[PDB]
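**Q** Can you read through this structure? Questions will come right after.
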Amino acid sequence: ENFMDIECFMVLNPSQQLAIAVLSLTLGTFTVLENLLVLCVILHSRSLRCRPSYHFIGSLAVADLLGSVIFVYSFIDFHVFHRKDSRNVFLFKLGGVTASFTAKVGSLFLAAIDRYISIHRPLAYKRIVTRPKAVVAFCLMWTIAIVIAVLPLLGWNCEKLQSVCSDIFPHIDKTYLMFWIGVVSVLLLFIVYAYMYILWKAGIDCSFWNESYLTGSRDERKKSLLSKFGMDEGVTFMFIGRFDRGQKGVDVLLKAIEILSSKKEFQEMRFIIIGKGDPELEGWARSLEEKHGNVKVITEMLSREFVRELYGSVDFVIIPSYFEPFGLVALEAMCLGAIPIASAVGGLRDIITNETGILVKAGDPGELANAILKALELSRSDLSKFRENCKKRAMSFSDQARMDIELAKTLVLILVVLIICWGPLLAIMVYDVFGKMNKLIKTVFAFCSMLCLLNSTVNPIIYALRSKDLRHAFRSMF
Amino acid sequence: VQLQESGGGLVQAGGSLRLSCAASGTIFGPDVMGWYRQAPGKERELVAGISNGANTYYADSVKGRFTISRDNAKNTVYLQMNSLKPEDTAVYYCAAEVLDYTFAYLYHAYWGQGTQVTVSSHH
Ligand SMILES: CC(=N)/N=C(/NS(=O)(=O)c1ccc(C(F)(F)F)cc1)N1C[C@H](c2ccccc2)C(c2ccc(Cl)cc2)=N1
């Protein structure tokens, strides 16, 4: 009839009852100090609360605090004092613990959604996931957890309905318990599914543009590709993109090809052009394809692995676009070792340096011609230094993605620790819902109910072990 | 997705105009957005484009007189033009492309109905 029933399991002699009391007190105090440490290092750091991706850390710690302090409070009113709790105090205590667990699950929910938006929609992440939106969503989750916790205090106790209610929880009705555990279990299984999908899909896509999936060597693959196109060996150039006027300078490339067709070095310059669009530019490309034997034009839709094979086979890639907001084509080319000769516009300005490719003016067939003959002259010597420099430059643009994967791994670790800690306890409530029990099941309920405080203990250890930024912030105080 | 445009009509020469285009998508809607113009009996031309921040492109014939802005709270684009010239009488379309991060060749483009803009120097 009282919260904190320690008088059960009379095996505890007074020689060890004080030991149990002092270990529970020290564990509760340790959890409280760890949680306040996590909050104060979060709030004294500008770089941690300004990132929404870390926000749930604070939320998680706050939820664990609701499991810590309440426990300590509940441990004082029965040993240090002997105040018998009424219905209101028992309802408040049980509501606080249930609110702590539900807020933990909801924080994992919002963290999973943020991870999906960050990893698999990286262009939309910095505009969708804002700080006010994340704060509002966390507040809404906390308030709905608080409301569903405090529902029995508003008149959903079992003496009001005049019906049968639970035995391990006096003044708690059966229907409220099964509804709460159903909601929490459904949300937990959804989060397991979501994190599994996020980590699975990002594994097969983050590392796709790399030569580790390409067999053979450079010159052998180039010779096989050029024989596949019915050409001899030579300095190869590539273009892939949309066939339109205004976005990508395919017409600039065609004018440059026409200009180089009148020169004496066109026999050492093979060209591949991939794309589709307006019929006039397609017709011009096809006319240059039939006029010269060393220019190949592909119109049909291609597979991603075919483009990966093409990037690591050709020597140079031309990106003469007018408006390039992202330059993903440059990243995919440079990751596979293909020296770019691109236009210095948009996102192409700050990705190619003076030692990682050649830069031209936008919409300049003459400057493109000069750069392509300069690249032809440069290709006479060795080129492996430029290939390794481009690989080092382009692999340095995926560092944020790898840290996002590491954060998602940390979140999966936190989720499975929470699952391990709260599994058997919610299983005891499940078996309470379906069938009665004896005193042994209540005993193991009381024994494994300390796993909640153990979860609150081990969460800041995971936070300090995994996060480098949090570790550096903690090392900044001393 | 669905796109709605507003701001068409007749403008006295030398004036200024605001065009608005709103999109209804499910996740951020369009990644990159743009305004196109089509003169009567002429091909479409890229007149404005933006993704976010300082990623604005204006054509060489409209540079310095056309500015593009994007509001992300309502997911819309605004085109401001000033000192209009009578070769700008055209049907303006709103184009919105989502582009895939995994494969740079993939893109999905969506279009508006277009609004007629007639700038007149007649006094
Ligand atoms: C009746 C009963 N089980 N109460 C006890 N412990 S206890 O007093 O029995 C007890 C004490 C100490 C020890 C020993 F030996 F390990 F130290 C053993 C038993 N909790 C502990 C646990 C909890 C964790 C966090 C905050 C507050 C309470 C809890 C509980 C958890 C989830 C739900 Cl949903 C409902 C309730 N109730």
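Residues in the structure tokens are numbered from 1 in each chain, the chains being A, B, ... in the order shown, and ligands are numbered from 1 in the order shown.
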Around ligand 1, out to 6 Å and counting only C-alpha atoms and all ligand atoms, which residues are there? I want them as a PyMOL selection string.

**A** chain A and resi 3-6+20+24+67-68+70-71+94+97-98+445-447+449-450+452-453

**Q** For C-alpha atoms, I'd like the residues from the last selection saved as an mmCIF file, in the first residue's frame.

**A**
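Output (part31.cif):
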data_model
loop_
_atom_site.group_PDB
_atom_site.id
_atom_site.type_symbol
_atom_site.label_atom_id
_atom_site.label_comp_id
_atom_site.auth_asym_id
_atom_site.auth_seq_id
_atom_site.Cartn_x
_atom_site.Cartn_y
_atom_site.Cartn_z
ATOM 1 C CA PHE A 3 5.771 3.178 -2.378
ATOM 2 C CA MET A 4 9.323 1.935 -1.635
ATOM 3 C CA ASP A 5 8.408 -1.463 -0.201
ATOM 4 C CA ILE A 6 11.732 -2.653 1.244
ATOM 5 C CA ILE A 20 21.681 -1.991 1.160
ATOM 6 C CA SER A 24 21.189 2.742 -2.630
ATOM 7 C CA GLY A 67 14.244 8.933 -12.021
ATOM 8 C CA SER A 68 17.081 9.862 -9.694
ATOM 9 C CA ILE A 70 12.399 11.056 -6.872
ATOM 10 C CA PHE A 71 14.041 7.756 -5.910
ATOM 11 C CA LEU A 94 4.483 6.650 -10.033
ATOM 12 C CA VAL A 97 8.801 7.627 -12.885
ATOM 13 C CA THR A 98 6.516 6.856 -15.845
ATOM 14 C CA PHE A 445 10.185 -6.857 -9.708
ATOM 15 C CA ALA A 446 11.680 -5.060 -6.707
ATOM 16 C CA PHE A 447 15.121 -6.503 -7.479
ATOM 17 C CA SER A 449 13.590 -2.147 -10.583
ATOM 18 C CA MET A 450 17.081 -0.836 -9.738
ATOM 19 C CA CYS A 452 16.324 2.151 -13.989
ATOM 20 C CA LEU A 453 18.791 3.853 -11.656
#

**Q** Give the strand (DSSP E) residues of chain B, as DSSP finds them on the backbone, and put them as an NGL selection string.

**A** :B and (2-6 or 9-12 or 16-24 or 32-38 or 44-50 or 57-58 or 66-71 or 76-82 or 90-99 or 107-111 or 115-120)

**Q** Give one line per residue of chain B that approaches chain A to at most 10 Å, naming the two atoms of the closest pair and their distance in Å to one decimal, counting only C-alpha atoms; sort by chain then ascending residue number and deliver it as CSV.

**A**
residue,atom,partner,partner_atom,distance
B:27,CA,A:124,CA,7.8
B:28,CA,A:124,CA,6.1
B:29,CA,A:124,CA,8.9
B:30,CA,A:124,CA,9.0
B:31,CA,A:124,CA,7.0
B:32,CA,A:325,CA,8.3
B:43,CA,A:245,CA,9.8
B:44,CA,A:245,CA,8.8
B:45,CA,A:246,CA,6.8
B:46,CA,A:246,CA,5.4
B:47,CA,A:246,CA,8.5
B:48,CA,A:246,CA,9.8
B:49,CA,A:323,CA,7.9
B:50,CA,A:325,CA,7.8
B:51,CA,A:325,CA,6.7
B:52,CA,A:325,CA,8.6
B:54,CA,A:346,CA,8.6
B:55,CA,A:325,CA,5.9
B:56,CA,A:346,CA,8.2
B:57,CA,A:323,CA,6.2
B:58,CA,A:323,CA,9.0
B:59,CA,A:246,CA,7.9
B:72,CA,A:127,CA,7.0
B:73,CA,A:128,CA,9.0
B:98,CA,A:123,CA,9.8
B:99,CA,A:123,CA,9.1
B:100,CA,A:121,CA,8.7
B:101,CA,A:328,CA,7.2
B:102,CA,A:205,CA,6.8
B:103,CA,A:304,CA,6.8
B:104,CA,A:329,CA,5.5
B:105,CA,A:241,CA,6.1
B:106,CA,A:241,CA,9.2
B:107,CA,A:242,CA,9.4

**Q** Mind dumping the selected residues with N, CA and C atoms as a CSV table (one decimal), in the first residue's frame?

**A**
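For reference, out.csv as written:
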chain,number,residue,atom,x,y,z
B,27,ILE,N,8.7,17.2,-47.7
B,27,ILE,CA,9.9,17.3,-47.0
B,27,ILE,C,10.8,18.4,-47.6
B,28,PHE,N,10.7,19.6,-47.1
B,28,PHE,CA,11.4,20.8,-47.6
B,28,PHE,C,10.9,21.3,-49.0
B,29,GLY,N,10.1,20.5,-49.6
B,29,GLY,CA,9.7,20.7,-51.0
B,29,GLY,C,10.9,20.7,-51.9
B,30,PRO,N,11.1,21.8,-52.6
B,30,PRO,CA,12.2,21.9,-53.6
B,30,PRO,C,13.5,22.2,-53.0
B,31,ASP,N,14.6,21.5,-53.5
B,31,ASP,CA,15.9,21.7,-53.0
B,31,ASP,C,16.5,23.0,-53.7
B,32,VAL,N,16.2,23.1,-55.0
B,32,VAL,CA,16.6,24.3,-55.8
B,32,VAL,C,15.4,24.8,-56.5
B,43,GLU,N,12.3,30.6,-77.3
B,43,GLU,CA,12.6,29.6,-76.3
B,43,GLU,C,12.7,30.1,-74.9
B,44,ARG,N,12.5,29.2,-73.9
B,44,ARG,CA,12.6,29.5,-72.5
B,44,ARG,C,14.1,29.8,-72.2
B,45,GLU,N,14.3,30.8,-71.3
B,45,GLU,CA,15.6,31.2,-70.8
B,45,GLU,C,15.6,31.2,-69.3
B,46,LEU,N,16.8,30.8,-68.7
B,46,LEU,CA,17.0,30.8,-67.3
B,46,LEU,C,17.2,32.3,-66.9
B,47,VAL,N,16.3,32.9,-66.1
B,47,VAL,CA,16.4,34.2,-65.6
B,47,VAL,C,16.8,34.3,-64.2
B,48,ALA,N,16.4,33.3,-63.3
B,48,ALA,CA,16.8,33.4,-61.9
B,48,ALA,C,16.9,32.0,-61.4
B,49,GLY,N,17.8,31.8,-60.4
B,49,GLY,CA,17.9,30.5,-59.7
B,49,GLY,C,18.6,30.6,-58.3
B,50,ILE,N,18.1,29.9,-57.4
B,50,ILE,CA,18.6,29.9,-56.0
B,50,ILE,C,18.4,28.6,-55.3
B,51,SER,N,19.3,28.2,-54.4
B,51,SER,CA,19.1,27.1,-53.5
B,51,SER,C,18.9,27.6,-52.1
B,52,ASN,N,20.0,28.3,-51.5
B,52,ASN,CA,19.9,28.9,-50.3
B,52,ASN,C,21.1,29.9,-50.1
B,54,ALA,N,23.9,32.6,-50.4
B,54,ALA,CA,24.5,33.2,-51.5
B,54,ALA,C,24.8,32.2,-52.7
B,55,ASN,N,23.7,31.5,-53.1
B,55,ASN,CA,23.7,30.6,-54.2
B,55,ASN,C,22.8,31.1,-55.3
B,56,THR,N,22.9,32.4,-55.6
B,56,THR,CA,22.0,33.0,-56.5
B,56,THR,C,22.6,33.1,-57.9
B,57,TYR,N,21.9,32.8,-58.9
B,57,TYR,CA,22.3,33.0,-60.3
B,57,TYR,C,21.3,33.8,-61.1
B,58,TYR,N,21.8,34.9,-61.7
B,58,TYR,CA,21.1,35.7,-62.6
B,58,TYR,C,21.8,35.7,-64.0
B,59,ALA,N,21.0,35.7,-65.0
B,59,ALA,CA,21.6,35.7,-66.4
B,59,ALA,C,22.4,37.0,-66.6
B,72,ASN,N,11.9,30.1,-46.2
B,72,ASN,CA,11.8,28.7,-45.9
B,72,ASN,C,10.7,28.4,-44.9
B,73,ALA,N,10.2,29.4,-44.2
B,73,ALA,CA,9.1,29.2,-43.2
B,73,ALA,C,7.8,28.8,-44.0
B,98,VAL,N,14.1,19.1,-57.3
B,98,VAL,CA,14.7,18.3,-56.2
B,98,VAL,C,15.8,17.4,-56.8
B,99,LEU,N,17.0,17.5,-56.2
B,99,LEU,CA,18.1,16.7,-56.8
B,99,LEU,C,18.7,15.8,-55.7
B,100,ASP,N,19.0,14.6,-56.2
B,100,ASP,CA,19.4,13.5,-55.3
B,100,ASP,C,20.9,13.6,-54.9
B,101,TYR,N,21.2,13.4,-53.6
B,101,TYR,CA,22.6,13.6,-53.1
B,101,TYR,C,23.5,12.4,-53.6
B,102,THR,N,22.9,11.2,-53.6
B,102,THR,CA,23.6,10.0,-54.0
B,102,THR,C,24.1,10.0,-55.4
B,103,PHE,N,23.3,10.4,-56.3
B,103,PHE,CA,23.6,10.4,-57.8
B,103,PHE,C,23.3,11.8,-58.3
B,104,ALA,N,24.3,12.5,-58.8
B,104,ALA,CA,24.2,13.9,-59.2
B,104,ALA,C,23.5,14.0,-60.5
B,105,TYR,N,23.3,13.0,-61.3
B,105,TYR,CA,22.6,13.0,-62.6
B,105,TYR,C,21.1,13.1,-62.3
B,106,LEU,N,20.6,12.5,-61.3
B,106,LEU,CA,19.2,12.5,-61.0
B,106,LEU,C,18.6,13.8,-60.6
B,107,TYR,N,17.5,14.2,-61.1
B,107,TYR,CA,16.8,15.4,-60.7
B,107,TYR,C,15.3,15.3,-61.1

**Q** Find the residues near range 82-85 of chain B: any atom within 10 Å, counting only C-alpha atoms, skip ones fewer than 6 places away on the same chain, and give them as a VMD selection string.

**A** chain B and resid 11 to 18 62 64 to 67 118 to 121

**Q** Which neighbours of residue 460 in chain A fall inside 12 Å, counting only C-alpha atoms, when residues of the same chain fewer than 3 positions from it are skipped, and could you give them as an MDAnalysis selection string?

**A** chainID A and resid 30:39 41:42 57:58 60:62 64:65 414 417 454:457 463:467 470:471 474

**Q** Please, could you write that set of residues out with N, CA and C atoms as a short mmCIF file (atom, residue, chain, number, x, y, z; two decimals), in the first residue's frame?

**A**
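What follows is the written file again-v4.cif:
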data_model
loop_
_atom_site.label_atom_id
_atom_site.label_comp_id
_atom_site.auth_asym_id
_atom_site.auth_seq_id
_atom_site.Cartn_x
_atom_site.Cartn_y
_atom_site.Cartn_z
N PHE A 30 25.14 9.49 -6.66
CA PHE A 30 26.03 9.46 -7.82
C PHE A 30 25.28 9.78 -9.10
N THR A 31 24.07 9.22 -9.27
CA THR A 31 23.26 9.54 -10.44
C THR A 31 22.90 11.01 -10.50
N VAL A 32 22.52 11.59 -9.35
CA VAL A 32 22.14 13.00 -9.32
C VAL A 32 23.33 13.88 -9.69
N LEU A 33 24.51 13.59 -9.13
CA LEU A 33 25.69 14.39 -9.45
C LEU A 33 26.12 14.23 -10.91
N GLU A 34 26.04 13.01 -11.46
CA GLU A 34 26.35 12.83 -12.88
C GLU A 34 25.39 13.62 -13.76
N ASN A 35 24.11 13.60 -13.43
CA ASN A 35 23.12 14.26 -14.27
C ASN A 35 23.25 15.77 -14.21
N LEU A 36 23.45 16.32 -13.01
CA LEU A 36 23.71 17.76 -12.90
C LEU A 36 25.03 18.14 -13.56
N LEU A 37 26.03 17.24 -13.55
CA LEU A 37 27.26 17.51 -14.27
C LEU A 37 27.00 17.60 -15.77
N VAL A 38 26.18 16.70 -16.30
CA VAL A 38 25.86 16.72 -17.73
C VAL A 38 25.11 18.00 -18.10
N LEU A 39 24.12 18.38 -17.28
CA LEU A 39 23.40 19.63 -17.54
C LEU A 39 24.32 20.85 -17.48
N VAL A 41 27.58 21.06 -17.91
CA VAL A 41 28.56 21.15 -18.98
C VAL A 41 27.86 21.43 -20.31
N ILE A 42 26.58 21.04 -20.44
CA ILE A 42 25.83 21.43 -21.63
C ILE A 42 25.57 22.93 -21.64
N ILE A 57 20.36 15.08 -25.68
CA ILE A 57 21.26 14.77 -24.57
C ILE A 57 20.76 15.41 -23.29
N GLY A 58 20.54 16.73 -23.33
CA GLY A 58 19.98 17.41 -22.18
C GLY A 58 18.65 16.82 -21.77
N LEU A 60 17.55 13.79 -22.35
CA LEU A 60 17.75 12.47 -21.78
C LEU A 60 18.20 12.57 -20.34
N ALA A 61 19.14 13.49 -20.08
CA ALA A 61 19.66 13.64 -18.73
C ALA A 61 18.56 14.12 -17.80
N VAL A 62 17.72 15.04 -18.28
CA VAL A 62 16.62 15.55 -17.46
C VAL A 62 15.68 14.42 -17.11
N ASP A 64 16.45 11.26 -16.87
CA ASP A 64 17.12 10.44 -15.87
C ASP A 64 17.11 11.11 -14.51
N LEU A 65 17.13 12.44 -14.49
CA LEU A 65 17.05 13.16 -13.22
C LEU A 65 15.72 12.92 -12.55
N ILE A 414 22.87 3.93 -27.08
CA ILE A 414 22.05 4.44 -25.98
C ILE A 414 20.69 3.75 -25.97
N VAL A 417 21.10 0.11 -24.67
CA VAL A 417 21.31 0.10 -23.22
C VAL A 417 20.00 0.37 -22.49
N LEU A 454 20.32 2.20 -12.61
CA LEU A 454 21.55 1.80 -13.28
C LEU A 454 21.65 2.40 -14.68
N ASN A 455 20.52 2.49 -15.39
CA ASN A 455 20.49 3.17 -16.69
C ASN A 455 20.84 4.64 -16.55
N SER A 456 20.28 5.29 -15.53
CA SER A 456 20.64 6.68 -15.25
C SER A 456 22.11 6.82 -14.88
N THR A 457 22.69 5.78 -14.27
CA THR A 457 24.12 5.80 -13.98
C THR A 457 24.94 5.72 -15.26
N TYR A 463 27.89 9.05 -22.76
CA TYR A 463 28.04 10.40 -23.31
C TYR A 463 29.49 10.86 -23.26
N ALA A 464 30.18 10.58 -22.16
CA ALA A 464 31.57 11.00 -22.03
C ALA A 464 32.51 10.14 -22.87
N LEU A 465 32.17 8.86 -23.07
CA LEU A 465 33.04 7.98 -23.83
C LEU A 465 32.94 8.23 -25.33
N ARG A 466 31.73 8.52 -25.83
CA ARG A 466 31.55 8.60 -27.27
C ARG A 466 31.84 9.99 -27.84
N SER A 467 31.29 11.04 -27.23
CA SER A 467 31.32 12.36 -27.83
C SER A 467 32.66 13.04 -27.57
N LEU A 470 31.86 16.79 -26.35
CA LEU A 470 31.49 16.83 -24.94
C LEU A 470 32.70 16.58 -24.05
N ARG A 471 33.58 15.66 -24.46
CA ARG A 471 34.80 15.41 -23.70
C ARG A 471 35.69 16.65 -23.66
N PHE A 474 34.16 19.19 -21.33
CA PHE A 474 34.41 18.83 -19.94
C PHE A 474 35.85 19.10 -19.54
#

**Q** Between CA of residue 38 in chain B and CA of residue 61 in chain B, what is the distance, to one decimal in Å?

**A**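 About the pair CA of residue 38 in chain B and CA of residue 61 in chain B: they are 14.1 Å apart.
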
**Q** Could you please determine the separation between CA of residue 289 in chain A and CA of residue 267 in chain A in Å, to one decimal place?

**A** 14.5 Å

**Q** Leaving out residue 54 in chain A and any residue of its chain fewer than 5 positions from it, which residues lie within 9 Å of it when counting only C-alpha atoms, given as a list in words?

**A** residues 48, 49 and 111 of chain A

**Q** Taking the DSSP secondary structure from the backbone, can you list the residues of range 111-316 of chain A that are helix (DSSP H, G or I), as a ChimeraX atom specification?

**A** /A:111-120,122-128,131-154,158-161,174-206,211-213,218-228,250-260,266-268,279-291,304-311

**Q** Please compute the CA of residue 156 in chain A-CA of residue 185 in chain A distance, one decimal, in Å.

**A**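 CA of residue 185 in chain A lies 21.2 Å from CA of residue 156 in chain A.
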